[PDB]
Amino acid sequence: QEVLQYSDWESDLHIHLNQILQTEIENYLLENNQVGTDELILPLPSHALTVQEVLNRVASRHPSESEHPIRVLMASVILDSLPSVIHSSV
Amino acid sequence: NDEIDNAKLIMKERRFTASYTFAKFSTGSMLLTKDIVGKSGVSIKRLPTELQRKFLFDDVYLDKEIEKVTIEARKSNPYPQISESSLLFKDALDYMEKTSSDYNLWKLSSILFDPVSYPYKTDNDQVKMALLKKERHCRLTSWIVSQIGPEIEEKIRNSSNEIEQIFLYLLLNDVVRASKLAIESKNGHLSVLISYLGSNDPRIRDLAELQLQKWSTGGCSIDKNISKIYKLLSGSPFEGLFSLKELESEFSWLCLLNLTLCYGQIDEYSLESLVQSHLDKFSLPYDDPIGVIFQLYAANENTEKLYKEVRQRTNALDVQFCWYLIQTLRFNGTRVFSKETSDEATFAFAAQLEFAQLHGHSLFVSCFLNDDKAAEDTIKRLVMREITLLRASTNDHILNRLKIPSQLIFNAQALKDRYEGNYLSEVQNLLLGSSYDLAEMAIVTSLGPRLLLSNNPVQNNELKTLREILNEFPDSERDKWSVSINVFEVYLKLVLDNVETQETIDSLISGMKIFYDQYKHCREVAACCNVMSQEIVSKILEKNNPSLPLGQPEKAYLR
Amino acid sequence: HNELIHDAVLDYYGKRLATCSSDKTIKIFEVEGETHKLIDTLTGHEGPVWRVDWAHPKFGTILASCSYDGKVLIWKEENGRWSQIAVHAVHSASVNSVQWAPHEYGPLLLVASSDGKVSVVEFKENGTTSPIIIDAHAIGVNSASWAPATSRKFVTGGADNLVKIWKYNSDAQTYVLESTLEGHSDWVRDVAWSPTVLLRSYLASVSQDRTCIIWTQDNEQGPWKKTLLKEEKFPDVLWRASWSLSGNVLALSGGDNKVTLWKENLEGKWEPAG
């Protein structure tokens with residue numbers, strides 16, 4: 001709540017996406033074996049996290065940035081789902 | 001022994017002299033005094049009403065009032081208020097004990113501060129007002145007339161002269177008996193000469209004054225009986241040579257208000273100014289409850305300011321009556337009242353009701369309060385305190401349907417009936433309550449310390465239906481998730497299935513490891529995470545731990 | 001013991017009561033009327049017990065218990081049996097206050113002690129007590145009541161005789177000294193903030209001088225105003241003070257058993273009432 005200073009749609013999403021990569025690098029490093037049982041004091045979150053579902057969290061949280069369609073264009077390139085937005089806007 | 005000297009010394013640092021009692025408040029606002037008849041060693045003393053009125057223990061009186069007021073849901077704060085007060089003083093002529101002079105107080109307010117009924121039509125707006133004036137006047141005077149009725153006859157037996165019997169039978173109003181003895185005193189113009197109840201004539205005024213002045217000239221025996229006839233007749237029943245402030249016992253204060261009100265000239269000068277014109281000569285009772293009503297009628301727009309004065313002294317405007325008066329008429333804006341006096345009467349009244357031990361009758365008095373803060377938080381606080389009074393009658397459920405945003409009393413039930421024995425009973429009715437949020441990890445502080453259930457595929461499929469309540473809750477900013485609370489629901493999918501999981505299936509050994517960075521409130525909420533490790537062996541290989549007590553943790557489960 | 005009782009305070013439900021004494025225990029006697037019922041006698045203490053308080057309910061009912069020895073025992077029912085789930089013993093001297101934060105605020109017990117200290121017990125994420133040490137009075141802090149909403153606020157009562165108002169800020173992380181009061185001349189017993197349901201708080205700051213000085217705030221932004229309950233030294237010395245949840249009625253019992261239902265009237269007169 002103090003990684004928020006802008007508290008808006010994109011401020012949620014930064015901190016969101018930070019955790020999506022940070023769980024999954026440890027997983028990737030369990031393949032490359034930089035994770036062990038002497039490599040924590042707290043058991044590791046080896047759950048992989050999903051982008052689109054955390055965007056549905058963000059979307060329901062801020063209907064104050066659903067009024068900015070440009071902020072919706074912003075979302076869709078990080079989804080990488082450009083026909084779907086362009087077909088909802090005609 | 002030395003424990004005498006010890007205890008001394010401690011209460012030097014508490015500074016207590018040894019002989020301690022205390023008084024506290026409980027939950028109905030009553031006292032708890034140390035008396036060694038208790039099993040605590042303290043016993044409850046029920047605090048008594050500031051002012052006792054009989055129909056503040058009558059449910060019918062309360063539900064009448066609800067249905068004689070315009071309830072709003074207040075636009076600022078949904079917690080209910082009152083827009084306009086459509087209160088009447090003939091609501092208390094359904095109720096009140098009927099031989100208190102309270103009933104008389106209620107009766108008197110009905111004629112003055114609730115206005116006459118008008119069944120006439122007019123063609124002029126100068127006679128519109130005169131007909132409303134005469135109608136209130138006869139109403140006023142017929143109630144006075146019945147309550148002076150005995151007091152007239154006392155002063156008939158405190159006199160004996162034949163002009164006195166004529167004079168006083170005219171005021172008790174029985175004209176046919178007034179002139180009967182006037183035939184035997186040799187009168188044909190004094191047989192009626194008190195009869196100005198709806199008559200104004202400026203000429204006989206003059207007559208009554210000249211008649212006084214001829215008699216004054218020194219000596220001669222002049223009647224002081226005919227002089228009271230021509231005191232009422234002059235239009236000014238004090239001023240002149242002779243006076244009715246020399247009759248302090250051959251008329252009462254109450255007959256005197258009647259003499260100023262009808263023999264000051266009813267319509268030549270207004271009503272309420274002649275009420276005030278009596279209250280110049282005499283200062284009325286503060287301890288006769290009908291005396292005070294005529295002061296606050298003697299004062300029109302200074303009704304609010306006479307209330308604050310009579311109140312410095314002895315009260316017969318005591319907290320129920322002033323509450324009713326101010327809260328009719330300040331909503332209306334017909335008699336003015338300060339909004340601050342409004343607030344003191346209302347607030348003071350809710351205190352007396354909380355000595356009356358009725359949380360609902362108080363809750364309804366908070367509605368007249370229109371300070372947005374007070375009529376938010378008084379309503380909250382009542383409800384989570386004594387839930388139990390609010391369910392008990394169908395009057396109680398119309399208190400619970402003012403415009404109660406019923407559901408509120410249900411969201412205080414599952415805070416009330418919660419105890420630490422049956423924590424899970426009502427934290428379940430936070431979960432399944434289904435108007436809540438944040439019950440999603442709170443069920444986890446009940447069902448973590450006892451993942452004991454009834455352990456069949458119908459309780460487990462029922463516990464599926466319980467983690468779908470999670471998604472029913474509204475979704476918060478930065479809070480609400482289901483990607484680590486389906487941990488305990490993907491648990492109910494590897495317990496009806498055998499298949500060794502290398503996480504081809506599941507987020508559940510990951511889910512335990514998130515649940516050793518989640519556990520918040522309680523380290524038996526951390527050790528259940530170790531117990532659900534053990535219930536799923538050959539279906540996991542245990543990259544978590546199983547559950548001083550060492551002897552048999554089992555370190556062999558891998559394949 | 002139950003015959004030189006020094007506290008008996010209820011929860012917000014009014015259904016649970018905890019009475020302590022010179023018994024060196026907390027005999028739990030819940031309210032069923034003027035009959036009460038034992039559930040367990042909690043032994044853990046050495047010496048006279050002063051104050052207990054149940055939790056305000058939104059974080060359980062959880063009984064603190066402060067006592068001569070140095071000890072505040074966090075008791076909690078966990079699966080229909082008790083367990084002292086933490087110990088908060090950072091004091092040496094007589095611990096004299098325990099009062100939970102009201103469930104308009106979060107989990108913040110307020111411990112006070114005549115060793116010099118106030119301690120704002122911070123419940124961690126297993127219920128693990130951790131205080132920040134503050135001082136109010138440097139002779140000893142004999143009491144500590146909370147200020148709820150009529151951010152976070154409380155009041156403490158002097159053995160220096162001052163009644164210091166303490167107000168929370170989050171750019172310095174501790175209770176800023178808001179103001180300092182004094183009409184007192186021997187030590188403060190109990191500082192009782194009123195829970196009025198509207199803008200108004202009087203504070204019967206109970207004193208050993210045989211006097212109780214009611215500081216009054218007519219509305220909260222009105223200042224603290226010196227008035228006295230009565231304007232004489234009382235014959236005897238004055239004990240525990242309370243204020244109601246709705247009405248703001250004073251209740252105190254005297255040494256000679258002065259029953260107090262004297263609420264401030266129009267005229268500004270602490271006036272006998274029901």
# chains A, B, ... in the order shown; residues from 1 in each chain; ligands from 1
>>> closest_atom_pairs(of="chain A", to="chain B", cutoff="9 Å", atoms="only C-alpha atoms", output="Markdown table")
| residue | atom | partner | partner_atom | distance |
| --- | --- | --- | --- | --- |
| A:1 | CA | B:478 | CA | 8.2 |
| A:12 | CA | B:478 | CA | 7.6 |
| A:42 | CA | B:517 | CA | 6.9 |
| A:43 | CA | B:513 | CA | 5.1 |
| A:44 | CA | B:513 | CA | 6.0 |
| A:45 | CA | B:514 | CA | 5.4 |
| A:46 | CA | B:510 | CA | 5.0 |
| A:47 | CA | B:510 | CA | 5.5 |
| A:48 | CA | B:507 | CA | 8.5 |
| A:49 | CA | B:483 | CA | 8.5 |
| A:57 | CA | B:475 | CA | 7.7 |
| A:58 | CA | B:477 | CA | 8.1 |
| A:60 | CA | B:475 | CA | 7.4 |
| A:61 | CA | B:477 | CA | 5.4 |
| A:62 | CA | B:477 | CA | 8.1 |
>>> write_last_selection(atoms="C-alpha atoms", output="PDB file, in the first residue's frame")
ATOM      1  CA  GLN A   1       0.000   0.000   0.000  1.00  0.00           C
ATOM      2  CA  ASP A  12      -1.581  -2.257  -9.170  1.00  0.00           C
ATOM      3  CA  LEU A  42      10.707 -19.434   4.653  1.00  0.00           C
ATOM      4  CA  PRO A  43       9.178 -22.174   2.262  1.00  0.00           C
ATOM      5  CA  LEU A  44       9.185 -20.903  -1.442  1.00  0.00           C
ATOM      6  CA  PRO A  45       6.042 -20.050  -3.462  1.00  0.00           C
ATOM      7  CA  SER A  46       6.411 -22.527  -6.332  1.00  0.00           C
ATOM      8  CA  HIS A  47       3.071 -21.631  -7.767  1.00  0.00           C
ATOM      9  CA  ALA A  48       3.019 -20.155 -11.210  1.00  0.00           C
ATOM     10  CA  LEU A  49       0.895 -17.077 -11.574  1.00  0.00           C
ATOM     11  CA  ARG A  57      -8.555  -8.502 -10.395  1.00  0.00           C
ATOM     12  CA  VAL A  58      -7.166  -5.079 -11.675  1.00  0.00           C
ATOM     13  CA  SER A  60     -12.815  -5.026 -11.245  1.00  0.00           C
ATOM     14  CA  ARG A  61     -10.749  -2.972  -8.779  1.00  0.00           C
ATOM     15  CA  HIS A  62     -10.521   0.132 -10.927  1.00  0.00           C
TER      16      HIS A  62
END
>>> residues_around(residues="residue 151 (chain C)", least_positions_apart="3", cutoff="10 Å", atoms="only C-alpha atoms", output="PyMOL selection string")
chain C and resi 105+148+167-170+175
>>> interface_residues(of="chain B", to="chain C", cutoff="6 Å", atoms="only C-alpha atoms", output="list in words")
residues 22, 23, 24, 26, 27, 38, 39, 40, 41, 43, 48, 49, 50, 351, 374, 378, 385, 420, 421, 520, 521, 522 and 523 of chain B
>>> residues_around(residues="residue 230 (chain C)", least_positions_apart="6", cutoff="10 Å", atoms="only C-alpha atoms", output="PDB file with N, CA, C and O atoms, in the first residue's frame")
ATOM      1  N   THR C 211     -10.848  14.675  45.824  1.00  0.00           N
ATOM      2  CA  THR C 211     -11.482  15.605  44.852  1.00  0.00           C
ATOM      3  C   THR C 211     -11.453  14.913  43.507  1.00  0.00           C
ATOM      4  O   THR C 211     -10.545  14.113  43.291  1.00  0.00           O
ATOM      5  N   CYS C 212     -12.430  15.140  42.628  1.00  0.00           N
ATOM      6  CA  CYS C 212     -12.370  14.684  41.270  1.00  0.00           C
ATOM      7  C   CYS C 212     -12.698  15.799  40.434  1.00  0.00           C
ATOM      8  O   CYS C 212     -13.717  16.491  40.660  1.00  0.00           O
ATOM      9  N   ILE C 213     -11.745  16.077  39.509  1.00  0.00           N
ATOM     10  CA  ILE C 213     -11.755  17.159  38.689  1.00  0.00           C
ATOM     11  C   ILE C 213     -12.252  16.636  37.404  1.00  0.00           C
ATOM     12  O   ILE C 213     -11.564  15.825  36.786  1.00  0.00           O
ATOM     13  N   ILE C 214     -13.453  17.008  36.964  1.00  0.00           N
ATOM     14  CA  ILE C 214     -14.049  16.794  35.692  1.00  0.00           C
ATOM     15  C   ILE C 214     -13.541  17.930  34.739  1.00  0.00           C
ATOM     16  O   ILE C 214     -14.021  19.086  34.817  1.00  0.00           O
ATOM     17  N   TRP C 262     -24.489  12.154  38.788  1.00  0.00           N
ATOM     18  CA  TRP C 262     -24.495  13.621  38.766  1.00  0.00           C
ATOM     19  C   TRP C 262     -23.980  13.939  37.376  1.00  0.00           C
ATOM     20  O   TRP C 262     -22.760  13.887  37.205  1.00  0.00           O
ATOM     21  N   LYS C 269     -24.260  22.646  36.030  1.00  0.00           N
ATOM     22  CA  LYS C 269     -24.260  22.116  37.365  1.00  0.00           C
ATOM     23  C   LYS C 269     -24.353  20.638  37.244  1.00  0.00           C
ATOM     24  O   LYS C 269     -25.223  20.118  36.616  1.00  0.00           O
ATOM     25  N   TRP C 270     -23.325  19.947  37.752  1.00  0.00           N
ATOM     26  CA  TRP C 270     -23.338  18.483  38.004  1.00  0.00           C
ATOM     27  C   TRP C 270     -24.527  18.225  38.915  1.00  0.00           C
ATOM     28  O   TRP C 270     -24.471  18.541  40.129  1.00  0.00           O
ATOM     29  N   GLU C 271     -25.662  17.746  38.348  1.00  0.00           N
ATOM     30  CA  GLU C 271     -26.949  17.747  38.844  1.00  0.00           C
ATOM     31  C   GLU C 271     -27.444  16.334  39.108  1.00  0.00           C
ATOM     32  O   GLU C 271     -27.443  15.541  38.176  1.00  0.00           O
TER      33      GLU C 271
END
>>> closest_residue(among="C:226, C:153, C:117, C:51", to="residue 98 (chain C)", atoms="only C-alpha atoms")
C:51
>>> residues_around(residues="region 77-83 of chain A", least_positions_apart="6", cutoff="12 Å", atoms="only C-alpha atoms", output="VMD selection string")
chain A and resid 10 13 to 14 17 50 to 56 70 to 71 89 to 90
